Amino acid sequence: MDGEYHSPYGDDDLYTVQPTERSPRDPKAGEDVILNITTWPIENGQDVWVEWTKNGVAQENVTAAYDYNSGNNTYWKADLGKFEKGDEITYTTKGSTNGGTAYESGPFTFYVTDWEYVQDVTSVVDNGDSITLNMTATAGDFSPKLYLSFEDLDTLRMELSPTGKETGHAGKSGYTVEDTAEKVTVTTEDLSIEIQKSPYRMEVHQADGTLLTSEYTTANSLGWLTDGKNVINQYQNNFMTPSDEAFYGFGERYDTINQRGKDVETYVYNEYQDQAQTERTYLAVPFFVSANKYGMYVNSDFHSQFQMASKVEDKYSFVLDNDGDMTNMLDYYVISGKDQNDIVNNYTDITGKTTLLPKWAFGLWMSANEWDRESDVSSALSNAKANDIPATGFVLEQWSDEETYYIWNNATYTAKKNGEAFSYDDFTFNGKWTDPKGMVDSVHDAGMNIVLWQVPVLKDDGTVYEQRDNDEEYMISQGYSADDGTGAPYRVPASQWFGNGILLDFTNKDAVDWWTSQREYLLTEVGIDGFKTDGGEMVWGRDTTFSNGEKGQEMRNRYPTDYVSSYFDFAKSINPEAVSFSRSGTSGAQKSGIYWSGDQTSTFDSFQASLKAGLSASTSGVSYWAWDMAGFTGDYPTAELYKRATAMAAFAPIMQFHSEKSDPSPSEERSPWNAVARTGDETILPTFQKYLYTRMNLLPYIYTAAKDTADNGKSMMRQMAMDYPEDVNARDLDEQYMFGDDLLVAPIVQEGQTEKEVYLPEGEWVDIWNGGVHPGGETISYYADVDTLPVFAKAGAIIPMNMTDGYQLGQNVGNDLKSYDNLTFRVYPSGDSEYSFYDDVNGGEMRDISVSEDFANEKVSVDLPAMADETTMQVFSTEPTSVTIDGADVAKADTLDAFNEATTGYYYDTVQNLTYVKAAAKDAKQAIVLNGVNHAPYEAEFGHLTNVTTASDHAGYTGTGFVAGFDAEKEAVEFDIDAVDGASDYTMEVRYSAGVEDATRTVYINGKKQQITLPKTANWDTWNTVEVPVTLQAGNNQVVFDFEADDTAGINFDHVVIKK
Ligand SMILES: OC[C@H]1O[C@@H]2OC[C@H]3O[C@H](O[C@@H]4[C@@H](O)[C@@H](OC[C@H]5O[C@H](O[C@H]([C@H]2O)[C@@H]1O)[C@H](O)[C@@H](O)[C@@H]5O)O[C@H](CO)[C@H]4O)[C@H](O)[C@@H](O)[C@@H]3O
Ligand SMILES: OC[C@H]1O[C@H](OC[C@H]2O[C@H](O)[C@H](O)[C@@H](O)[C@@H]2O)[C@H](O)[C@@H](O)[C@@H]1O
Ligand SMILES: [Ca+2]
Ligand SMILES: [Cl-]
Ligand SMILES: [Cl-]
Ligand SMILES: [Mg+2]
Ligand SMILES: [Mg+2]
Ligand SMILES: [Mg+2]
Ligand SMILES: [Mg+2]
Ligand SMILES: [Mg+2]
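A chain's residues are numbered here from 1, following its sequence as written, a convention that may not match the entry; residues for which no coordinates exist are omitted. Chain letters start at A and ligand numbers start at 1, both assigned in the order the entries are written. Working from all heavy atoms in the structure, the side-chain values ignore hydrogens and water.

The name the PDB entry gives the protein is Alpha-xylosidase, with Listeria monocytogenes as the organism. This structure appears in the PDB under the title "Cycloalternan-forming enzyme from Listeria monocytogenes in complex with panose".

1. Thoughts on the overall build of the protein
In this description a helix means any DSSP run of H or I spanning at least four residues, a strand means any run of E spanning at least two, and both kinds are numbered starting from the N terminus. Scanning the protein from N- to C-terminus turns up 15 helices and 68 strands. Its C-alpha atoms give the protein a radius of gyration of 34 Å, within 12% of the compact-globule value 31 Å for 1060 residues. Its C-alpha atoms put the protein at 115 × 80 × 55 Å along the principal axes. For every residue, the accessible area obtained with a 1.4 Å probe (protein chains only) is divided by the maximum for its type, and the residue is called buried under 20%, exposed over 50%, and partly exposed between those limits. Scored against the burial criterion, the 1060 residues of the protein give a buried share of 61%. In the structure as shown, the protein presents an accessible area of about 37,900 Å², 43% of it carried by carbon and sulfur atoms. Positive charges come from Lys and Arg, negative ones from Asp and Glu, while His and the chain ends are left out of the count. Positions of charges follow a simple convention, taking NZ of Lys, CZ of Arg, CG of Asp or CD of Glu. Taken together, the 75 basic and 171 acidic charged side chains of the protein have centroids lying 2 Å from each other. Just to be clear, the radius of gyration here is over C-alpha atoms, and the globule rule we use is 2.2 Å times residues to the power 0.38. Per-residue and other accessible areas follow the Shrake-Rupley method at a 1.4 Å probe size, with only the shown protein chains counted as cover for residues.

2. Points about the site of ligand 1
Definition of nearness: a residue and a molecule or strand are near each other if at least one heavy atom of the residue lies within 4 Å of the molecule or strand. As a structural note, the neighbourhood of ligand 1 is formed by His-954, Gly-965, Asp-967, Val-996, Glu-997, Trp-1020, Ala-1049, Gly-1050 and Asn-1052. Counted as a polar contact is a pair of N or O atoms within 3.5 Å, where, for protein atoms, one must be capable of donating a hydrogen and the other of accepting one, and residues adjacent in sequence contribute only when both atoms are in side chains. Within the side chain of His-954, one N or O atom sits 2.7 Å away from an oxygen atom of ligand 1. Between ligand 1 and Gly-1050 there is a distance of 3.1 Å, counted from an oxygen atom to a backbone nitrogen or oxygen. The fraction of the free accessible surface of ligand 1 (730 Å²) that becomes covered by protein chains is 39%. Note on residue categories: nonpolar means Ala, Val, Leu, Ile, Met, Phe, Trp, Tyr, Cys or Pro, charged means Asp, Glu, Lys or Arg, and polar means any other residue, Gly included. For the shell around ligand 1, the class distribution of residues is 3 nonpolar, 4 polar and 2 charged.

3. A few points about the environment of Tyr-992
Secondary-structure assignment places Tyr-992 in strand 63 (residues 984–993). Here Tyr-992 falls in the buried class, since its relative accessible area comes to 0%. Considering only alpha carbons, one finds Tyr-992 and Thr-1022, 30 residues apart in sequence, at a separation of 8.5 Å. Reaching out from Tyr-992, the side chain makes a polar contact with the backbone oxygen of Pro-1015 at a distance of 2.7 Å.

4. Regarding the pairing of strand 63
A regular strand carries its side chains on alternate faces of the sheet. With respect to burial, strand 63 is a largely interior element, 8 of its 10 residues being buried. Here, strands pair whenever DSSP counts at least two bridges between them. As paired strands, strand 63 and strand 66 (residues 1024–1032) are joined by 9 bridges and run antiparallel to one another. The residue of strand 66 that forms the bridge with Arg-991 is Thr-1025. With 7 bridges joining them, strand 63 and strand 68 (residues 1051–1059) adopt antiparallel strand pairing. Bridged to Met-988 within strand 68 is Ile-1058.

5. A short note on the sheet that holds strand 46 (residues 791–794)
Pairing in this open sheet of 6 strands is antiparallel, and the strands run 39-40-41-46-43-44 from one edge to the other. Each edge of the sheet is formed by a strand with only one pairing partner; in this case those strands are strand 39 (717–718) and strand 44 (773–775). Of the pairings in the sheet, the one linking strand 40 (residues 737–739) to strand 41 (residues 743–745) comprises 3 bridges and is antiparallel in character. Along strand 41, the bridge assignment pairs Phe-739 with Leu-743.

6. Some points on empty space enclosed by the protein
A 1.4 Å probe that fits into a set of points on a 1 Å grid over the protein atoms alone but cannot get out defines a cavity; an open set with protein on both sides within 12 Å along at least five of seven lines defines a pocket, and lining residues are those with an atom within 4 Å of a point. Grid points are joined across faces, edges and corners, and a volume is the space filled by probe spheres set on the points. Under the criterion given, the structure shown has 5 cavities of 30 Å³ or more. In this structure, the largest cavity encloses a volume near 70 Å³. If you go around the largest cavity, you meet 14 residues; those closest to its centre are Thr-404, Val-457, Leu-458, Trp-515 and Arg-519. The set of elements that each furnish at least two residues to the lining of the largest cavity consists of strand 32 (457–458), helix 5 (466–477) and helix 6 (509–524). In terms of residues, the lining of the largest cavity owes the most to one element, helix 6, which gives 3 residues. The class makeup of the residues in the lining of the largest cavity is 6 nonpolar, 3 polar and 5 charged. If you add up the space inside the second largest cavity, you get close to 50 Å³. Lining the second largest cavity are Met-158, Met-202, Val-204, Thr-213, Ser-214, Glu-215, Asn-237, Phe-239, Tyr-332 and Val-334. Breaking the lining of the second largest cavity down by element, the ones donating at least two residues are strand 18 (200–206), strand 19 (211–215), strand 21 (232–240) and strand 28 (330–335).

7. Describing the packing of helix 5 against helix 6
For the pair helix 5 and helix 6, interaxial distance at closest approach is 11 Å and the crossing angle is 155°. In terms of their interaxial angle, helix 5 and helix 6 are classed as roughly antiparallel. Seen from above, helix 5 lies across helix 6 with right-handed handedness. Contact residues: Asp-471, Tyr-474 and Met-475 in helix 5; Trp-514, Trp-515 and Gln-518 in helix 6. For the contact of helix 5 with helix 6, the per-class residue count stands at 4 nonpolar, 1 polar and 1 charged. Between N-to-C directions, angles span 0 to 180 degrees; the directions come from axes that are lines fitted to C-alpha atoms, helices contributing only their stretch in contact. Our angle categories are set so that under 35 degrees counts as roughly parallel, over 145 as roughly antiparallel, 65 to 115 as roughly perpendicular, and the remainder as oblique. Left-handed describes a crossing in which the near helix is turned anticlockwise from the far one by less than a right angle; the clockwise case is right-handed. Contact definition: two residues touch when any of their heavy atoms are within 4.5 Å.

See the structure below:
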């Protein structure tokens, strides 16, 4: 016998076990305890046994029996039997061959547990800023205490002390209590908390009485798992949930946006590519938002399992782990708010606000693992320029020596001792990187910023490399690693990524200062702009111990955020414009930069999953989210996937392309120029350009939304139910979302699809590309070829943009971040709307713009505040008869060139139905009024057409053309028309041409028929308007124009306008 081995918890992995563990790891009462033991080599005459005590009394030895052999080893099972709650078992496993050398493992101790639950509230003590509920338990001899406090008047905090020896924290005092013999009610202006005393049971209501959530119907819902003497290993609570409740968030989730029916694990993990299928994630957060208008946050870094109607149909539960410490209270919050986004804001009050990033973060980020030398970088920059791709972000991954990870590849130097930091001058730069500072300089010269890839582990694959060995030596001697629980440094389990490597203990300030000081020259001298801090999901083992005294169970989820946050703050301390780009974290991750969805494939299935990950991450407070556009590996994406992915990426929080392969032939770059090369489809380039340029045109709206995230907790990209939680059609949507406050984006995420369903909530929605109007409250069908993305503006939207003199979306404005070309505000008038623009170009002043729609009196008014730049309003309406600024008429410009050369004026874009109004910069409010205007036209060519087509051969039409002829039976044009101001009579203007003879058409208004006369126009190049009286009602009015048997003559139908 060369050895024996048993270790009850193995690596403490949630998904797998080592072959020498105890099962169950933590025995409960009535569970059979099995010890898996190994001996080597495989040899006859081996004896394996267990020496042990139960409650301090020696037991008869238990003999192990063989299980199987594998490799050089024999595996055995020793059966200890079942135990009762309270039993303390201590054991040593032993092996020997023929009475000789006994080898052993242990001693190991476990305490047998069982569940104890809250029974009744015996007394209530109101301390003014906290309330204590003294309770009885269903079993055992504890005297538990549940403390209630208010983090705010709409945010309830519960802290449970099973033994009653701990005390909860103070909160707000603005509550009242109505305590009676059978019940206690705690009320604030936002919540009503009703608590039955016997048995204890809590219901959380809004002040108006509406139920938010409640503990399970049978009570005894709240519990702890204990042996009654030494340990508390888990906590649980159970709640009632009706069949229709939807549950969002839980960190970044790849399988579904609605976790109803799932057992959700709060456990960070590095799962390569099949995150959806395994239901795993790098970024896990114990916070969810329910469409029933509340969120719940379990405040603990230990692993938890959320059982969302996965066991019993009307029950959800959380089971939270603990390390045994009986003084650790259960601490969770039930979070209300003014709306769903305010619930997220309240959550970030507790766990941390998003840190506003510099504007460069919101441009295109270019990346490819294959970029591994200076010539690759100069080529990327030249290709970007040759293809008119003004990106703002650049990433290097394969930049280092691949040993120390803070030294440029090929650099030579005099190896240092004692972890002393190098300076740029210490190195002689060779081969792939002859001048790193110059390389960096060239990136900045192109208007981009660079980040370098990092890991939180000191590599140790057993190979010899002088400087790495020097650092490992120093790190261990300073106690800069975490401890394995025996005085030795913690190493990542062997079979994992960076197996055998030593983690830097990021809880240890001195260790962090040392680790970062090795990277300092990169920021102070080389001039980088941040780090792509990869990995973090590397803490295994229960006995793993950190300088803060916490161990592995508690630190696994926290470690990656301690790591990311440590680098983020460090980089920023030296360079205020620095940005981190990471993948792993837990609650609080949002404070430290960008999170991307990790490693996926270039397929539509993966694209769908990526969108689910961004939507769930959003609800969980991680707003600055990215993904590898079109996937980073697998067979190269098809032109169709690359085009569909580019569209979505451009209308996402962070836009970034990337690829896995280190030295492929041909190139695996997910760049647009390489995509053209690989697919042979040259049309990819102008489509990518269109989207990238549109994003840059929208950068003012995007960056303002980025600031709203930081200040008010509203994520940039949001699942539909975050804005419409009561809308039954919005609950499960995962192929569209809101972007900023006012844009609805509906990416085509299915292969071969061109008929896109888009669910439109209540109100009016306008296609931002062409001015097509879509009343809300139904699912429409939008024809989207491979180059097209449905995007719609909400009623009342005010959207800042940076336009060229062309003034259309999709025109290249460049990547200048320090000035605007033509600062423009796109407006869709609807009642009174306001917007606060973040003018970062001019010191970050908030510009409060308001708009007052008054179509009933043919007017739209804009109150423009003082600005530092010339402004152009683009207002969706019919053509004005006049426009005033401060009561003085501004000049009408007949052409766009004339509009551009003017200092002030107005111009009507006939194709887009937009009135441009130009105002000069002034240190004073300016009152703009558009007179004689009506709601924009409903274009006939955008209507639902039956057996009739469009044309554009006779000039003077609005929109893109008109419906041509429309002169045969069963030919029809149907509009979806909104009442401008509620149910009422209105005048409908019908614009047409009838160059040959008088005509008539039949019109149906919500089923009510009338015939209209359309007299002859001078010729087909002459348009006329006819006014028809209609009665419209609230919502969507179906207005169908038909050519019936008694109708006559051909016309060209331009549009209809609704007015008073
Ligand atoms: O050759 C010139 C002529 O060609 C097309 O039609 C010939 C069409 O003429 C007479 O009928 C038309 C009918 O089709 C419809 O026309 C509307 C259409 O008019 C112009 O285009 C016609 C073509 O249809 C063109 O002049 C115009 O440019 C276009 O924009 C309009 O949509 O309705 C008119 C009025 O009732 C009718 O006169 C003729 O009766 C028929 O035999 C012949 O096929
Ligand atoms: O939102 C309106 C409309 O947008 C697209 O169609 C625009 C398209 O409509 C007609 O075919 C005109 O003749 C063209 O000039 C326009 O480009 C969507 O495909 C459609 O579904 C949507 O309703
Ligand atoms: Ca038209
Ligand atoms: Cl007209
Ligand atoms: Cl009517
Ligand atoms: Mg699906
Ligand atoms: Mg609040
Ligand atoms: Mg290369
Ligand atoms: Mg700098
Ligand atoms: Mg009004």
